[PDB]
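Right, one structure below, let's go through it.
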Amino acid sequence: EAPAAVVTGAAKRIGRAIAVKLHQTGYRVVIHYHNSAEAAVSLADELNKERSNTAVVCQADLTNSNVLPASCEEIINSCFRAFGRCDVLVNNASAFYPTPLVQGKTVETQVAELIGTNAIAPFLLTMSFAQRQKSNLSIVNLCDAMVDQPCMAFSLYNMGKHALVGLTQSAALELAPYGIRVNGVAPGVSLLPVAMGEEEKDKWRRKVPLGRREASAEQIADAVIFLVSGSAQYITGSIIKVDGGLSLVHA
Amino acid sequence: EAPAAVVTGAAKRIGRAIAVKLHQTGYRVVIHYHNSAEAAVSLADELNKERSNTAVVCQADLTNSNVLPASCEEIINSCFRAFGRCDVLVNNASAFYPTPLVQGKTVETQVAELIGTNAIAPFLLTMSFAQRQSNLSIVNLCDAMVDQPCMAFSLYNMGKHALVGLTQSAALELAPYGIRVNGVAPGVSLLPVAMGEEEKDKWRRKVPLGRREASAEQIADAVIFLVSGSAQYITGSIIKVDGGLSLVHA
Amino acid sequence: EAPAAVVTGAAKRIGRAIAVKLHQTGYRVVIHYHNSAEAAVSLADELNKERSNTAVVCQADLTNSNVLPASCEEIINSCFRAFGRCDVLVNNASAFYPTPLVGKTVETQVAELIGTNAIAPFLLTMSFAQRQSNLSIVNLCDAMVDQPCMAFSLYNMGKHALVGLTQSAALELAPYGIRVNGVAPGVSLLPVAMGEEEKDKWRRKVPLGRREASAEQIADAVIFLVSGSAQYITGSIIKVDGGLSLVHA
Amino acid sequence: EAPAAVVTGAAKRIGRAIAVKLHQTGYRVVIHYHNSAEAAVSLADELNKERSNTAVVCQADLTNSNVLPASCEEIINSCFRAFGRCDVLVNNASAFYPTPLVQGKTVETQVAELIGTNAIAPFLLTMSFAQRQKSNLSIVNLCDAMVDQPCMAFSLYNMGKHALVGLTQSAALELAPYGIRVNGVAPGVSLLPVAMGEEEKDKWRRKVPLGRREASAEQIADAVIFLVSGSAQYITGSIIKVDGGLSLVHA
Ligand SMILES: NC(=O)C1=CN([C@@H]2O[C@H](COP(=O)(O)OP(=O)(O)OC[C@H]3O[C@@H](n4cnc5c(N)ncnc54)[C@H](OP(=O)(O)O)[C@@H]3O)[C@@H](O)[C@H]2O)C=CC1
Ligand SMILES: NC(=O)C1=CN([C@@H]2O[C@H](COP(=O)(O)OP(=O)(O)OC[C@H]3O[C@@H](n4cnc5c(N)ncnc54)[C@H](OP(=O)(O)O)[C@@H]3O)[C@@H](O)[C@H]2O)C=CC1
Ligand SMILES: NC(=O)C1=CN([C@@H]2O[C@H](COP(=O)(O)OP(=O)(O)OC[C@H]3O[C@@H](n4cnc5c(N)ncnc54)[C@H](OP(=O)(O)O)[C@@H]3O)[C@@H](O)[C@H]2O)C=CC1
Ligand SMILES: NC(=O)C1=CN([C@@H]2O[C@H](COP(=O)(O)OP(=O)(O)OC[C@H]3O[C@@H](n4cnc5c(N)ncnc54)[C@H](OP(=O)(O)O)[C@@H]3O)[C@@H](O)[C@H]2O)C=CC1
Ligand SMILES: N=C(N)Nc1nc2cc(Cl)c(Cl)cc2[nH]1
Ligand SMILES: N=C(N)Nc1nc2cc(Cl)c(Cl)cc2[nH]1
Ligand SMILES: N=C(N)Nc1nc2cc(Cl)c(Cl)cc2[nH]1
Ligand SMILES: N=C(N)Nc1nc2cc(Cl)c(Cl)cc2[nH]1
């Protein structure tokens, strides 16, 4: 009866809010994680406590490598294994850190992590998702509203997010004859990085015209839920910016 | 106590579907109209039958002129007179016809109607709305195909691009008042009444998702989302509702 | 046999530099002006001193009104009257001032900001096309229109509209071999009434060299677009902004 | 005192025209190539017969791999070894082929080739170029004007080109303090695929408003020349579309 959603990097933060909101809307959910095993299991527990057999976890590294296609296949397989179907895919998992052009991680590792999580893994997941569907089927990609006014020294990350815009459009066109919609949600400033100091957090928050506040995880989730809902049945290839006006502010 | 909305060009088609959906959501509505007096009054009547005195009509030419500022002030006024508040403005009214560059409205009428309805009136409405001012927002009806325009529709396209500009500029400026400003960009929706059946079929068949134009209710859906509590962080955004049409190459 | 260009608002600043650079390239030029009669005449003088009979002035208000179509037609006529042809149009003239949402009447703001930045370019385009080699139009856009200054909504509306005209006219005039393109400055020559400390604020924002573009730098891009080196380019807008539009809040 | 340029994939077609035109402008050139050895040496020969000691060849696979960073550093090194300097990088080399989302290269190979050539290698070349400069320095990336209205089934290619737009912007921002400009040139339809039949070629030619024909390689090179010239001293982070109005034509 109930549709089933896969959410990547769903253990914490925005991806958790999305998994929660999908669950509250009646979805069964695959909680994908990489390092956050305890959080993922804890979330799956809460959801199962609310409804029996409605949440499973699935562990996978989404770094680019020659086995990434098999890992992605396996994420989609774990949703069919648990729930017998897979209606929604949310590409939320993301690596995010600077990669300066001028000088622990080798550059090969930087490439693999930032391009793999942000772009190639969404692409292989999309292929695996579609191959299983070869109903209200959709994919939502977590993009970035600030990619055209990027932070200094974030070239690879920005390349990955721009690539994900490219995938959003190319997959929307190609999957439309199957009824599969493909769209994006582009946060500006949301939950700030765990490592960022309170003072820097404050600087970022106050750049936002609408209320001088970061978007809550729930606010982002609200846009995701809109895109997968019957209220968006004609929307595909669209990216909804959710940024409180941040991208409109000049230097 | 219920919120109130103005919807321009609300007598028929997309504007009517927005008005109805806002009304169904619990809004009181001003149905603005220009020539479609029977349809406008009839719609308001049906809404009032559903809930007493929850709909008013207001007629106004949104052609650019030295009287346009007052007319736009009067529309916003009408909402405050009827309902004592104005929470939502939907700039939906729009002129749409060819204005070839190389050669019976005079070109100055074409200018006044296409730039007035699509851009200047939204601007003056936005001014009046903001001037009079806890979930306030403006939704501008844009056009997903503005970067791949139909041949000979320069003034129309100029208007819709100006409307994108307005959405962004007004989002920035009005954010300190809590007024969100967003847009909804249809691709092909209800086709022009004038358009021949063959041309209509040529458009719908180009749409990747379903080979069908959007229903008026599908557009209204996105408007509803933008005015809703589910979009409280969204401002300066334009949501394309086009079934993937703008993605299709020549 | 020398081709001819119209440049609107060519008496001073960027338009002056564009008229001068086109002239140095070998064009005969119509120097359009509104209030700057003395400056326009000096320029025509300097240019004709270099090559006899190669520059004329043409006065016109480019405020929106029911006669704007005729004034625009007259600017193109002035090129044909002087030079017997019109090869290039540069839409440069522009009103720029704030128009907050919350002693010019709003209707005057609309007419000046939308007429100069958009409607007059449209009507000049129609007149240019109606008269019709390396034919092209260049529109002076704005690189910052998606991250606009506070309180400039009419100006931004005009500049967005001009992008739309650039694309629509490029599409419609291509079958005539007329190319239509844009040049989008960021910070260039700073507004005459700006204080030095404020100028300096805008300079420090520019990644490439922490300075504004010279007028000549803007003119360089125009020159490119009108040249035989840009023969396949139409519907393009070149940003000339030193990376300003890439800088976040 | 003659400046020097690297052009990738410069043996044939557009990259060849770029190399020729830079040389004609007075640059010394490194002609990078992958498989087209005969064409590359043949071009080096012509250029040298015009001015001695002004053209060399450099062979490298630009496929993504853990060896790609070394290969890229080596290409830039080639220009220092031969010419003592490196003023201009043009990232022209590109793989281009369909990658259906729904089903004889493996998916891993398709990723490596399409994301490597179109994005990763440009990023790594850009690091190596920049590291050396830590005068009129600039990079030109060959983009694609049709990236927002993409051909069916070219997901990875489009991801690659979108990433390359991201690079262009990120790198323009990050390298501006060194005086290095970073810009792009976005052909529409230019030299048609060698493997495309004359009937399909004419189909594409007919779509182009400006003259109903593809751009010549020389027309594309013209734009690169402008961007590298002193006529573009203030231009960085810009992409010039060279497409004859193609991207303006609706479905
Ligand atoms: N937060 C913000 O301000 C903004 C967010 N966004 C986008 O929104 C989305 C959610 O953001 P946010 O919640 O902050 O994301 P996080 O930075 O918290 O990343 C979410 C999850 O991604 C997973 N992940 C990271 N690297 C890998 C990897 N190599 N393989 C597998 N999974 C991996 C992690 O899983 P685990 O912990 O289990 O290892 C992590 O918890 C992202 O796509 C992001 O780029 C865009 C703009 C701003
Ligand atoms: N339909 C579609 O496929 C598409 C629609 N859109 C946009 O969506 C919105 C709604 O579309 P749609 O329902 O088709 O619009 P219509 O063409 O039906 O126009 C809506 C209303 O605008 C009003 N209007 C026209 N001229 C004037 C004027 N001078 N003064 C005042 N009002 C005027 C009319 O009121 P009255 O009838 O009372 O005179 C008309 O009913 C518009 O902004 C449109 O551009 C965008 C892309 C495609
Ligand atoms: N300067 C900058 O930093 C930037 C410039 N731009 C764009 O580049 C172009 C040139 O900028 P800039 O040189 O500073 O321009 P100016 O503000 O100096 O204006 C150029 C000319 O426009 C003419 N003009 C103004 N109003 C009217 C009118 N109603 N009718 C006719 N002509 C009129 C004036 O002519 P007169 O003096 O004869 O009355 C004026 O000299 C403009 O399009 C501008 O928007 C874009 C971004 C930044
Ligand atoms: N032609 C057109 O119509 C259009 C072109 N463009 C862009 O313009 C640029 C030039 O186009 P075009 O000349 O047609 O390009 P080609 O398709 O002819 O490819 C250029 C060169 O790329 C090199 N290349 C391909 N794969 C690899 C690899 N794995 N490692 C190293 N080098 C490799 C090849 O070198 P070799 O032959 O030595 O093996 C090839 O000759 C490209 O970036 C392209 O995407 C954009 C839009 C349309
Ligand atoms: N945590 C992430 N995966 N992505 C992320 N985190 C981000 C934080 C900010 Cl301040 C911005 Cl402008 C963009 C960001 N993207
Ligand atoms: N009816 C209007 N006012 N606007 C409108 N009507 C439109 C019809 C189409 Cl076929 C497209 Cl492409 C854009 C349109 N915009
Ligand atoms: N003077 C004009 N006509 N236009 C103009 N002048 C401008 C000055 C700035 Cl500092 C920016 Cl950001 C945009 C501008 N546009
Ligand atoms: N050959 C390449 N490497 N790239 C390339 N070749 C192309 C050919 C076309 Cl007719 C299009 Cl619309 C885009 C192209 N991109």
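Because only heavy atoms are used, hydrogens play no part in the values below, and waters and symmetry mates are left out as well, while side chains stay in. As the structure lists them, so they are numbered: ligands from 1, and atoms in each ligand from 1. Proteins come first, then strands; the chains are lettered A, B, ... in the order of their sequence lines, and each starts at number 1.
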B:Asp61 heavy atoms within 4.0 Å reach ligand 2 at atoms 28 (C), 29 (N), 30 (N)

For atom 5 (C) of ligand 2, closest protein heavy-atom neighbour: B:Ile14 CD1, 4.0 Å

Side chain, backbone, both or neither: which part of C:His32 has a heavy atom under 4.0 Å from ligand 3? side chain

Report yes or no: does B:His32 contribute a side-chain atom to a donor-acceptor pair with the main-chain N or O of B:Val6 at less than 3.5 Å? no

Nearest protein heavy atom to atom 37 (O) of ligand 3, by residue and atom, and its distance? C:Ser36 OG, 2.6 Å

The protein heavy atom nearest to atom 34 (C) of ligand 3 is C:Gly9 CA, 4.7 Å

Measure from the side-chain N and O atoms of B:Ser42 to the backbone N and O of B:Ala39, and report whether any donor-acceptor pair falls under 3.5 Å. no

With heavy atoms of B:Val188 as the reference, note each atom of ligand 2 found under 4.0 Å away. 3 (O)

Write out the residue and atom name of the closest protein heavy atom to atom 48 (C) of ligand 3, then the distance separating them to 0.1 Å. C:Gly186 O, 2.8 Å

Does the residue C:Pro191 have a heavy-atom contact with ligand 3, meaning some pair of atoms that are separated by less than 4.0 Å? no

re atom 3 (O) of ligand 2, the protein heavy-atom contact at minimum distance is B:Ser189 N, 2.8 Å

Does even one non-hydrogen atom of C:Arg16 get within less than 4.0 Å of ligand 3? no

Taking atom 40 (C) of ligand 2 as the reference point, report whether a protein heavy atom occurs under 4.0 Å from it. no

Could you work out, for atom 45 (O) of ligand 3, the closest of C:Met144, C:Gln59, C:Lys159 by heavy-atom distance? C:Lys159

What protein heavy atom sits nearest atom 23 (C) of ligand 3, and how far off is it? C:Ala93 CB, 3.7 Å

Atom indices of ligand 2 within 4.0 angstrom of B:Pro186 heavy atoms, with elements: 6 (N), 46 (C), 47 (C)

Does any non-hydrogen side-chain atom of B:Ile239 lie less than 4.5 Å from one of B:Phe225? yes

Indicate whether atom 7 (C) of ligand 2 is within a distance of less than 4.0 angstrom of some protein heavy atom. yes

Can you measure from NE2 (C:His34) to CG (C:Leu62) and round to the nearest 0.5 angstrom? 8.0 Å

If only atom types and distance count, is the side chain of D:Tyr234 paired as donor or acceptor with the main-chain N or O of C:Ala213 below 3.5 Å? yes

Ring-face cation contact, B:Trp203 with B:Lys200, 6.0 Å cut, 45° max: no

When every non-hydrogen atom of C:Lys159 is compared with those of C:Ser94, the smallest separation belongs to NZ-OG, 3.6 Å

Polar atom proximity, C:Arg13 to ligand 7 (N or O, under 3.5 Å): no

Consider every N or O of C:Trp202 and every N or O of ligand 7, then say whether any pair is closer than 3.5 Å. no

State whether the side chain of C:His160 and the backbone N or O of C:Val145 hold a donor-acceptor pair below 3.5 Å, judged by distance alone. yes

Counting non-hydrogen protein atoms only, what is the nearest one to atom 1 (N) of ligand 3? Give residue, atom name and distance. C:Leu189 O, 2.9 Å

I'd like the name of whichever of C:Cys149, A:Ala251, C:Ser188, C:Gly186 reaches closest to atom 11 (C) of ligand 7 through any heavy atom. C:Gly186

With heavy atoms of B:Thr63 as the reference, note each atom of ligand 2 found under 4.0 Å away. 29 (N)

Distance to 0.1 Å, residue and atom name: give those for the protein heavy atom nearest to atom 30 (N) of ligand 2. B:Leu62 N, 2.9 Å

When distances are taken from atom 32 (N) of ligand 3, the protein heavy atom at minimum range is C:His34 CB, 3.5 Å

Examine the proximity of ligand 3 to C:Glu112 and report which part, side chain or backbone, both or neither, has a heavy atom under 4.0 Å away. neither

Heavy-atom side-chain contact between C:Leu43 and C:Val20 under 4.5 Å: yes

Considering the heavy atoms of B:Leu141, write down every atom of ligand 2 situated less than 4.0 Å from one of them. 8 (O), 9 (C), 43 (O)

Does NZ or CZ of C:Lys104 fall inside the cone over C:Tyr97's six-membered ring, less than 6.0 Å from its centre and within 45° of the axis? yes

Does ligand 2 have a heavy atom under 4.0 Å from the side chain of B:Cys142, from its backbone, from both, or from neither? backbone

Going by distance only, is there an N or O of C:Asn35 that falls short of 3.5 Å from an N or O of ligand 3? yes

Just jot down the ligand 3 atoms closer than 4.0 angstrom to any heavy atom of C:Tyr33, in number order. 38 (O)

Donor-acceptor pair, side chain of C:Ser236 and main chain of C:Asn181, under 3.5 angstrom: no

Side chains of C:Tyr155 and C:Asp142: is there a donor and an acceptor less than 3.5 Å apart? yes

For a quick test of reading the model, state the closest non-hydrogen atom pair linking C:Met150 to B:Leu172 and the distance between them. CE-CG, 3.7 Å

Could you tell me the separation between the OG1 atom of B:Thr117 and the CG atom of B:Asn92, rounded to the nearest 0.5 Å? 10.5 Å

Going by the atom numbers of ligand 3, which of them fall below 4.0 Å from some non-hydrogen atom of C:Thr116? 27 (C), 28 (C), 29 (N)

In this structure, atom 15 (O) of ligand 3 is nearest to the protein heavy atom C:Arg13 NE, 4.2 Å

Tell me which part of C:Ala60 gets within contact of ligand 3: side chain, backbone, both or neither, using heavy atoms under 4.0 Å. backbone

When you measure from atom 19 (O) of ligand 2 to every protein heavy atom, which one gives the shortest distance, and what is it? B:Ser94 O, 3.4 Å

In the protein, what heavy atom is nearest to atom 9 (C) of ligand 3, and what distance, to one decimal place, separates them? C:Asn92 OD1, 3.3 Å

Quick check against the 3.5 Å criterion: does B:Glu217 have a side-chain atom that pairs as donor or acceptor with the backbone of B:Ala17? no

Any donor-acceptor N/O pair, B:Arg13 side chain to B:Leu190 backbone, under 3.5 Å: yes

Provide the number and element of each atom of ligand 3 under 4.0 Å from a heavy atom of C:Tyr155. 45 (O)

Only one of B:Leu89, B:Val7, B:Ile238, B:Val184 forms a side chain to side chain contact (heavy atoms under 4.5 Å, CB included) with B:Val139, so which one is it? B:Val184

Counting each atom of ligand 3 from 1 as listed, which ones have a heavy atom of C:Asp142 under 4.0 Å away? 47 (C)

